[PDB]
file protein.txt (compact mmCIF, C-alpha atoms and all ligand atoms)
# COMPACT_ATOMS: atom_id res chain seq x y z
CA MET K 1 5.38 -0.67 8.49
CA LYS K 2 6.59 2.03 10.91
CA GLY K 3 5.40 5.57 10.52
CA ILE K 4 8.94 6.77 10.12
CA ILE K 5 9.08 5.05 6.74
CA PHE K 6 5.89 6.89 5.70
CA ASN K 7 7.36 10.18 7.06
CA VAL K 8 10.49 9.86 4.91
CA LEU K 9 8.30 8.97 1.91
CA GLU K 10 6.31 12.19 2.51
CA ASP K 11 9.57 14.21 2.45
CA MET K 12 10.38 12.55 -0.86
CA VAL K 13 6.98 13.07 -2.51
CA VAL K 14 6.75 16.59 -1.15
CA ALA K 15 10.20 17.55 -2.57
CA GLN K 16 9.89 16.10 -6.07
CA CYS K 17 6.14 16.41 -6.75
CA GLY K 18 4.78 18.90 -4.15
CA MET K 19 2.66 18.89 -0.95
CA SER K 20 -0.61 18.98 -2.95
CA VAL K 21 0.35 15.62 -4.51
CA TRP K 22 1.16 13.97 -1.17
CA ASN K 23 -2.27 14.94 0.12
CA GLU K 24 -3.82 13.38 -2.98
CA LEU K 25 -1.88 10.14 -2.36
CA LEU K 26 -2.80 10.15 1.30
CA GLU K 27 -6.55 10.91 0.85
CA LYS K 28 -6.79 8.18 -1.77
CA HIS K 29 -4.69 5.38 -0.22
CA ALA K 30 -5.31 6.02 3.51
CA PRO K 31 -8.22 6.41 5.99
CA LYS K 32 -9.63 9.82 6.73
CA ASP K 33 -7.29 12.04 8.85
CA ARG K 34 -4.35 9.62 8.80
CA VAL K 35 -1.30 10.78 10.68
CA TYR K 36 1.78 8.63 10.56
CA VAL K 37 3.36 8.67 14.05
CA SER K 38 7.09 7.83 13.56
CA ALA K 39 7.18 5.02 16.15
CA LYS K 40 3.72 3.40 15.32
CA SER K 41 3.05 0.38 13.05
CA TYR K 42 0.75 0.86 10.05
CA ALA K 43 -0.43 -1.48 7.30
CA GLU K 44 2.35 -2.10 4.74
CA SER K 45 -0.38 -2.07 2.07
CA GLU K 46 -0.79 1.69 2.60
CA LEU K 47 2.91 2.18 1.64
CA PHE K 48 2.83 -0.15 -1.42
CA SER K 49 -0.33 1.58 -2.67
CA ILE K 50 1.21 5.09 -2.28
CA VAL K 51 4.42 3.98 -4.01
CA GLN K 52 2.58 2.11 -6.72
CA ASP K 53 0.56 5.29 -7.43
CA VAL K 54 3.80 7.40 -7.76
CA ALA K 55 5.45 4.91 -10.11
CA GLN K 56 2.44 5.19 -12.34
CA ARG K 57 2.28 9.02 -12.35
CA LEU K 58 5.95 9.11 -13.27
CA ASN K 59 5.57 6.28 -15.81
CA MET K 60 8.41 4.44 -14.06
CA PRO K 61 9.00 0.76 -13.29
CA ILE K 62 7.86 0.14 -9.74
CA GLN K 63 11.17 -1.35 -8.58
CA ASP K 64 13.07 1.72 -9.96
CA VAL K 65 10.90 3.90 -7.72
CA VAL K 66 11.33 1.66 -4.69
CA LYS K 67 15.09 1.69 -5.26
CA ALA K 68 15.15 5.44 -5.48
CA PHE K 69 13.14 5.65 -2.24
CA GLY K 70 15.60 3.33 -0.51
CA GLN K 71 18.38 5.67 -1.48
CA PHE K 72 16.51 8.74 -0.10
CA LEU K 73 15.40 6.64 2.91
CA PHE K 74 18.98 6.01 4.02
CA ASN K 75 19.67 9.67 4.49
CA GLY K 76 16.32 10.16 6.17
CA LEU K 77 17.00 7.34 8.62
CA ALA K 78 20.59 8.42 9.24
CA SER K 79 19.56 11.91 10.12
CA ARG K 80 16.73 10.70 12.44
CA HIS K 81 18.91 7.98 14.07
CA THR K 82 22.30 9.71 13.81
CA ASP K 83 23.57 7.90 16.93
CA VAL K 84 23.05 4.54 15.19
CA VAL K 85 24.86 5.42 11.87
CA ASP K 86 27.73 7.26 13.71
CA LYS K 87 28.72 3.88 15.18
CA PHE K 88 30.34 3.13 11.77
CA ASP K 89 33.43 4.71 10.27
CA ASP K 90 33.06 3.32 6.71
CA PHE K 91 30.61 1.74 4.29
CA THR K 92 31.93 -1.80 4.66
CA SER K 93 31.47 -1.76 8.48
CA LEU K 94 27.96 -0.39 8.27
CA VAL K 95 26.90 -3.06 5.75
CA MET K 96 28.46 -5.79 7.96
CA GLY K 97 26.43 -4.37 10.87
CA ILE K 98 22.97 -3.87 9.36
CA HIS K 99 21.61 -6.91 11.03
CA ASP K 100 23.41 -7.22 14.38
CA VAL K 101 23.83 -3.53 15.24
CA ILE K 102 21.48 -1.28 13.24
CA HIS K 103 18.30 -3.36 12.98
CA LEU K 104 19.24 -4.86 16.40
CA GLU K 105 18.92 -1.30 17.81
CA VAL K 106 15.72 -0.76 15.81
CA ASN K 107 14.25 -3.53 18.05
CA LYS K 108 15.08 -1.45 21.20
CA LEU K 109 13.94 1.82 19.63
CA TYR K 110 10.62 0.65 18.15
CA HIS K 111 7.98 -1.70 19.51
CA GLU K 112 7.90 -4.95 17.40
CA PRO K 113 9.28 -3.63 14.07
CA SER K 114 9.00 -5.70 10.84
CA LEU K 115 12.51 -6.16 9.61
CA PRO K 116 14.21 -8.29 6.98
CA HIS K 117 16.72 -10.97 7.76
CA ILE K 118 20.18 -9.95 6.52
CA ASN K 119 23.63 -11.58 6.65
CA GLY K 120 26.76 -10.00 5.15
CA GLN K 121 29.96 -11.86 4.27
CA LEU K 122 33.20 -10.18 3.33
CA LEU K 123 34.65 -11.47 0.08
CA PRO K 124 38.05 -10.96 -1.55
CA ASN K 125 38.52 -7.83 -3.74
CA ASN K 126 36.50 -5.52 -1.54
CA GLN K 127 33.20 -7.24 -2.21
CA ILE K 128 30.40 -8.10 0.14
CA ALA K 129 27.81 -10.92 -0.23
CA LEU K 130 24.70 -9.54 1.41
CA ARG K 131 22.00 -12.21 1.73
CA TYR K 132 18.49 -10.70 2.16
CA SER K 133 15.29 -12.45 3.15
CA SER K 134 11.87 -11.02 3.99
CA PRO K 135 8.28 -11.86 3.30
CA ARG K 136 7.86 -8.25 2.23
CA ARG K 137 10.31 -8.81 -0.64
CA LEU K 138 11.82 -5.34 -0.55
CA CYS K 139 15.21 -6.25 -1.92
CA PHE K 140 15.11 -3.25 -4.24
CA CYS K 141 14.52 -0.99 -1.30
CA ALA K 142 17.60 -2.62 0.17
CA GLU K 143 19.65 -1.77 -2.97
CA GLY K 144 18.62 1.83 -2.67
CA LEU K 145 19.59 1.87 1.03
CA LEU K 146 23.02 0.46 0.15
CA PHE K 147 23.51 3.17 -2.44
CA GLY K 148 22.47 5.68 0.21
CA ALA K 149 24.91 4.26 2.69
CA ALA K 150 27.62 4.52 0.02
CA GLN K 151 26.77 8.22 -0.65
CA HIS K 152 26.93 8.79 3.11
CA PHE K 153 30.57 7.63 3.35
CA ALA K 154 31.55 9.19 0.01
CA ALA K 155 31.97 5.71 -1.34
CA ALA K 156 31.15 4.35 -4.79
CA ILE K 157 29.51 0.93 -5.31
CA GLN K 158 28.00 -1.50 -7.81
CA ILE K 159 25.51 -4.22 -6.97
CA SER K 160 24.74 -7.54 -8.68
CA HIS K 161 21.36 -9.02 -7.80
CA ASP K 162 21.08 -12.37 -9.60
CA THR K 163 19.39 -14.53 -6.99
CA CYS K 164 16.09 -12.88 -6.13
CA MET K 165 12.83 -13.66 -4.34
CA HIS K 166 11.09 -12.10 -7.37
CA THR K 167 12.59 -14.82 -9.65
CA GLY K 168 11.61 -17.62 -7.34
CA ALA K 169 14.32 -17.99 -4.71
CA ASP K 170 13.61 -17.78 -0.98
CA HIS K 171 16.28 -15.08 -0.53
CA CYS K 172 18.24 -12.53 -2.57
CA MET K 173 22.03 -12.25 -2.95
CA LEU K 174 23.26 -8.69 -3.29
CA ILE K 175 26.88 -8.90 -4.35
CA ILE K 176 28.29 -5.48 -3.49
CA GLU K 177 31.44 -4.21 -5.08
CA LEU K 178 33.22 -1.36 -3.24
CA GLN K 179 34.76 0.61 -6.17
CA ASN K 180 36.10 3.54 -4.15
CA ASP K 181 36.05 5.09 -0.67
CA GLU K 182 38.42 7.37 1.25
CA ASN K 183 40.62 4.41 2.20
CA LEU K 184 40.84 2.86 -1.25
CA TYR K 185 43.70 4.26 -3.33
CA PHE K 186 44.92 2.22 -6.32
CA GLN K 187 43.37 -1.06 -5.15
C1 LIG W 201 22.36 0.57 4.22
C2 LIG W 201 21.64 -0.31 5.19
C3 LIG W 201 20.26 -0.89 5.38
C4 LIG W 201 19.73 -1.91 4.63
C5 LIG W 201 20.14 -2.79 3.44
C6 LIG W 201 18.44 -1.92 5.29
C7 LIG W 201 17.26 -2.65 5.08
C8 LIG W 201 15.89 -2.70 5.30
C9 LIG W 201 14.80 -3.15 4.44
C10 LIG W 201 15.04 -3.75 3.09
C11 LIG W 201 13.69 -2.86 5.16
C12 LIG W 201 12.19 -3.06 4.76
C13 LIG W 201 11.52 -4.28 5.38
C14 LIG W 201 11.85 -5.70 4.99
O1 LIG W 201 11.30 -6.65 5.61
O2 LIG W 201 12.66 -5.75 4.03
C15 LIG W 201 14.12 -2.20 6.40
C16 LIG W 201 13.50 -1.54 7.42
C17 LIG W 201 13.61 -0.81 8.58
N1 LIG W 201 14.89 -0.42 8.88
MN1 LIG W 201 16.51 -0.65 7.57
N2 LIG W 201 17.70 0.76 8.73
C18 LIG W 201 18.92 1.34 8.42
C19 LIG W 201 19.56 0.73 7.36
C20 LIG W 201 19.46 -0.34 6.42
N3 LIG W 201 18.32 -1.12 6.42
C21 LIG W 201 19.22 2.43 9.34
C22 LIG W 201 20.49 3.28 9.31
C23 LIG W 201 18.15 2.48 10.15
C24 LIG W 201 17.90 3.37 11.32
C25 LIG W 201 18.58 3.15 12.61
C26 LIG W 201 17.22 1.45 9.82
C27 LIG W 201 15.98 1.04 10.24
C28 LIG W 201 14.74 0.48 9.93
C29 LIG W 201 13.34 0.60 10.34
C30 LIG W 201 12.78 1.45 11.46
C31 LIG W 201 12.70 -0.27 9.54
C32 LIG W 201 11.20 -0.47 9.46
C33 LIG W 201 10.64 -1.67 10.19
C34 LIG W 201 9.11 -1.55 10.21
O3 LIG W 201 8.57 -0.75 9.39
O4 LIG W 201 8.40 -2.20 11.07
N4 LIG W 201 15.50 -2.20 6.54
NA NA W 202 39.72 6.78 -2.64
ZN ZN W 203 15.73 -9.51 -4.91

call {"tool": "encode", "arguments": {"input": "protein.txt", "output": "structure tokens"}}
result
Amino acid sequence: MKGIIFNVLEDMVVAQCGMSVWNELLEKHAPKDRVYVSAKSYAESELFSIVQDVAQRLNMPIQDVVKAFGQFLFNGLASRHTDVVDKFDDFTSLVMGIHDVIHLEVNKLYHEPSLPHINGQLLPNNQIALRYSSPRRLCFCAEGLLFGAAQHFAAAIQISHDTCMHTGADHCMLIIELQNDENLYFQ
């Protein structure tokens, strides 16, 4: 897991809970004097342990916390890789490009990143079928990111998530409904 993901998490924990709390999380779930360098790889278990700790402090379901992180993470990625997100003029284009443009670039920007496998298909009625697959099983982080992407383009979405790696499938299907954006009027 790249340091940048940890850095965005810090911004989140520091904003909601305070810097004193982040240093608790970090002292407890990471080796002495850890510094997350944005471009370096670190053990994904350090992230899961920090996030699991937060979920428990807040008495929240772990996937609700991961989803909320994903939503904060989109903005934090977009502002650190503005050149990548400015390639897209609307939500639907960005979703259709997560795999072949965005995470494709992430392979040129970062040494050997650990990325999911994603394929989007455009459906009738302004829906997208986004198939997700990853051994890390972070489909709820992906829901958050989609909600973040929506906020970014002043779009409104809903997501159905009824095939899931957590309920035994080898992938997830995120059926995205685009309810509104600046180019949707009556329908
Ligand atoms: C909305 C769109 C969107 C979705 C659904 C999305 C999905 C994911 C998910 C889920 C993961 C966690 C790992 C896994 O195996 O599941 C992940 C990781 C990652 N993604 Mn993104 N991603 C973006 C946008 C998205 N990404 C943008 C914008 C950037 C920045 C250019 C970016 C760059 C990354 C980086 C960097 C990683 C981390 C890889 C690693 O830690 O090694 N990407
Ligand atoms: Na509109
Ligand atoms: Zn899932």

call {"tool": "closest_atom_pairs", "arguments": {"input": "protein.txt", "of": "chain K", "to": "ligand LIG 201 (chain W)", "cutoff": "6 Å", "atoms": "all atoms listed in the file", "output": "tab-separated table"}}
result
residue	atom	partner	partner_atom	distance
K:1	CA	W:LIG201	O3	3.3
K:2	CA	W:LIG201	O3	3.7
K:77	CA	W:LIG201	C24	4.9
K:78	CA	W:LIG201	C22	5.1
K:81	CA	W:LIG201	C25	5.1
K:84	CA	W:LIG201	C25	5.3
K:85	CA	W:LIG201	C22	5.5
K:95	CA	W:LIG201	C2	6.0
K:98	CA	W:LIG201	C2	5.6
K:102	CA	W:LIG201	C25	5.3
K:103	CA	W:LIG201	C27	5.7
K:106	CA	W:LIG201	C30	5.7
K:113	CA	W:LIG201	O4	3.4
K:114	CA	W:LIG201	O4	3.6
K:115	CA	W:LIG201	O1	4.2
K:116	CA	W:LIG201	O1	3.6
K:134	CA	W:LIG201	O1	4.7
K:136	CA	W:LIG201	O1	5.1
K:138	CA	W:LIG201	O2	4.7
K:139	CA	W:LIG201	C10	5.6
K:141	CA	W:LIG201	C10	5.2
K:142	CA	W:LIG201	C10	4.0
K:145	CA	W:LIG201	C1	4.4
K:146	CA	W:LIG201	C1	4.1
K:149	CA	W:LIG201	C1	4.7

call {"tool": "atom_distance", "arguments": {"input": "protein.txt", "atom1": "atom CA of residue K:94", "atom2": "atom CA of residue K:126"}}
result
14.0 Å

call {"tool": "residues_near_ligand", "arguments": {"input": "protein.txt", "ligand": "ligand NA 202 (chain W)", "cutoff": "7 Å", "atoms": "only C-alpha atoms and all ligand atoms", "output": "count of residues only"}}
result
6

call {"tool": "residues_near_ligand", "arguments": {"input": "protein.txt", "ligand": "ligand ZN 203 (chain W)", "cutoff": "9 Å", "atoms": "all atoms listed in the file", "output": "list in words"}}
result
residues 132, 133, 137, 138, 139, 140, 142, 143, 161, 162, 163, 164, 165, 166, 167, 169, 171, 172, 173 and 174 of chain K

call {"tool": "closest_residue", "arguments": {"input": "protein.txt", "among": "K:75, K:82, K:23, K:7", "to": "residue K:47", "atoms": "only C-alpha atoms"}}
result
K:7

call {"tool": "closest_residue", "arguments": {"input": "protein.txt", "among": "K:16, K:38, K:160, K:56", "to": "residue K:72", "atoms": "all atoms listed in the file"}}
result
K:16

call {"tool": "closest_residue", "arguments": {"input": "protein.txt", "among": "K:155, K:104, K:37, K:13", "to": "residue K:92", "atoms": "all atoms listed in the file"}}
result
K:155

call {"tool": "closest_residue", "arguments": {"input": "protein.txt", "among": "K:61, K:3, K:76, K:70", "to": "residue K:41", "atoms": "all atoms listed in the file"}}
result
K:3
